[PDB]
Structures are given as C-alpha cells and as structure tokens.
C-alpha cells in the first residue's frame, strides 16, 4: 500500500514555542508571557522571550524545510502580533511578519497550514475573563476572519483551535497552563466558548464562499482497560466508569465538533456529581445544537494511549486509576504505543461521519546530545517515527481518509511548563548560539518523504 498522491508530509510548530521577540514591534503581552514571567510556573524558570528566535530567523528555517522536502508546514499565528490588545487597532508589523513567512513558504512550494489559536491569548482579553467570558466568541471571530481573508489566497488549510482539552482543563482546571486558573466549572465554560468560537468561524467560511478548508485539532488518547490486558472478566460498572473517563478526553470534543451535541453520559454524571450545574448542561446542549456545523477536516494530535481501571477510592473526578504497561517510554513519561494511532483512527472512522483526517502532531521527546562531530544520533526518535508512519499507512489501507501527517516538531522549542527540558525536534537547537543542527531523524524523514510522495 502506498500513500495517496498528494499526501501532506509536514512538520509543525507553534508561535509561543519558537518565535521569541515577545515584545518587539508593538506585540501585545499574551497570557503565556505573563505566565512564564511568574515564579514557579515553568521548570528552571524558562520562558519564551527568545525561544528559537524564529521571528528573526524564519528565512533560514524555511530553507531547512525546503531541504527537508516538506510538502506542508503547520504553524500558528500569535494573536498579540496582530491585535496587541486582542481587540482594537491592527498592528501592521505583525501582519508584515506573517506576510513574509507565508510568501517565503509559497515561494518554496510548501503548503502553509495555519493554527489560528495555539494558546497565546492576549492578556488584555484575559483581564476581562479570557475564555470564560462569552464575548471572547466575537473577539476571536474578528481576529480569525481578518487573517483568513488576508491569507486565503495563499493558505488553504486553517485550524481554528489546537487542543481545546488543554486550553480548558490545563489552563483553567489544573492551572498548569496559562492563565493558571483552577476551577472545573470555569473550565467547562471555556470548552463551550471554544466550540461556539469554532462554529462561528466555520459558518462564516461556508456562508461567504471562502475557498479554504477549515478544521480543528484535538489531542486524542485511546483508552484501554487494564482488566482486559490482565484477561479478567470486565464488570459493567468498571466499563461504565472507564468510558465516562475517556469521554472527558475525547468525546467531549469530538461529539460537538462532529455531531453537534455533548456526550450525554458524561454530562449526566457531571451533573449528578455537582461538577456541572444542571441548567448549564441543558443550555450548552441547546446552544451547540443551534450553532453546530460540520467542519472540512479533523486534525488529530496523537502521542500515546492510557490504560485505566476502576477504583472507588480514586481522587480523580471519576473513580479510576491509571496503570503503567511495560514498554518503551519517552522523556515525557509517555508510553511508546504506535498501535494506538491505528486503533484511534479506526475508532474515528467507525463512530463519526466520514471526514478527511490529518495527523497534525506526532513525535517524541528524547534527551538529545550533540556529538563531537556535530551530529545528533537520535535513533530512538527515528524508530518512533518509523513505527507510527507504518500504522498510518496501515490505517489508510483499512479505509481511513488520512490525508497528511505533521511531525512534532520541526525544531526543538519551549515545551510549555516543561521549559526547554524536552526536545521534540528533528532539528536540534542550541539555545545559546541559536544554531540549527539537523538530527539523524531529519535525514530519515527527508528520505521517507522522498520515497513516499
């Protein structure tokens, strides 16, 4: 089986993780500027003030993409470069920068794929509630249509949101991401405002006849039962509670994006447990059904699975615990489990309406060292990628409409609250000299593209 003719072999980045220049050219403060400037949020006190300095070095970075042979490149636009206050006046230097990057990409025959919101909310919008405030829907819509209408001639693929689960729960429940809020009820409100924001943009693109594909990116985690790994008999309560726990990861976002409702089992449980007010639950259901519209594609960030079992003494919002199967793990503590990419893709094809799928993020963090002859022999990353590439091809053979694959990441970068301690790039970045050093995985990916395109 071959990959289909125009398969988008890509790599992926996000603005706050690579761009630096956090306050040049009138760029507004984002919630991640504020978050990394507070003590105790980021390992070793790292921040994204400089990052990979991609704001200044983007030309050389695009030439490495041309050397790599990428068919596409996924990046995000920093909202605070365009609207320093979230609302208000447009900033010309911000538009100028993305104008130059997008044109350099088109110039070198690389399809741009743009994530509109990749977590860097204007701090001025946080100051009036951020994503917990329903007016955010319109502030996001005005920003999203400005960049779609400006770039639609050069950019055919648009992603409204990257990983809503994180924006909501890690940003507003666990408090481990910006804005650092800790309130499950605010987190659900965030989930809702994101869905409405996503719907309003998709509808605007269809109604105005704008010839672009618009999608959304969800991080999905196939959940497996420890009991079934052990060959025990699965009780019905255990299956019920593990499925509730996996609806919080996956169906809570797939269901409204692809079917126009939230998952009913989860909502009942959350209401029963006083985690979610019953009126909001009915209101959210009503508002999503009214505003729902199908997207043009689904983006899937896949890294690993979860193995879970039932436990009535758990401190989690569901009575479950996590188990740790034997095998290979990364610097993230994530099981290397390529079969989960295939199972997930088959599970998507069989449970939701037909839709084109792109793997918009997949990759692995290993503790890379530069050798004496300036190489980086990341054979563990090569093995990770090779095995997941193979599951993707296998899924295509089984009828999954998989149209692209974007490796995370093109270059080492700031890994949010882990700082720069986790390297995901196929390109090593020396953060003291900003030198880019192609890892061995760069040449493997280069060869894999050449022979599957």
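Positions refer to the first chain, counted from 1.
Taking the mean C-alpha B-factor of each stretch as recorded, 374 to 382 and 151 to 159 are not equal, and the higher mean is that of 374 to 382. Two stretches are in play, 403 to 411 and 35 to 43, and the higher mean C-alpha B-factor belongs to 35 to 43. Highest CA B-factor among the listed residues (113, 201, 275, 298): 275.
When the C-alpha B-factors of 360, 197, 221, 313 are ranked from the entry, the top spot goes to 313. Among the modelled residues of the chain, residue 57 sits in the middle third by CA temperature factor in this PDB entry.
In the deposited entry, the Cα temperature factor of residue 83 places it in the lowest third of its chain's modelled residues. In the deposited entry, the Cα temperature factor of residue 393 sits in the top third of values across the chain's modelled residues.
When the CA B factors of the chain's modelled residues are split into thirds, the value for residue 189 lands in the middle one. Among all modelled residues in this chain, the alpha-carbon of residue 9 has a temperature factor (C-alpha) in the lowest third.
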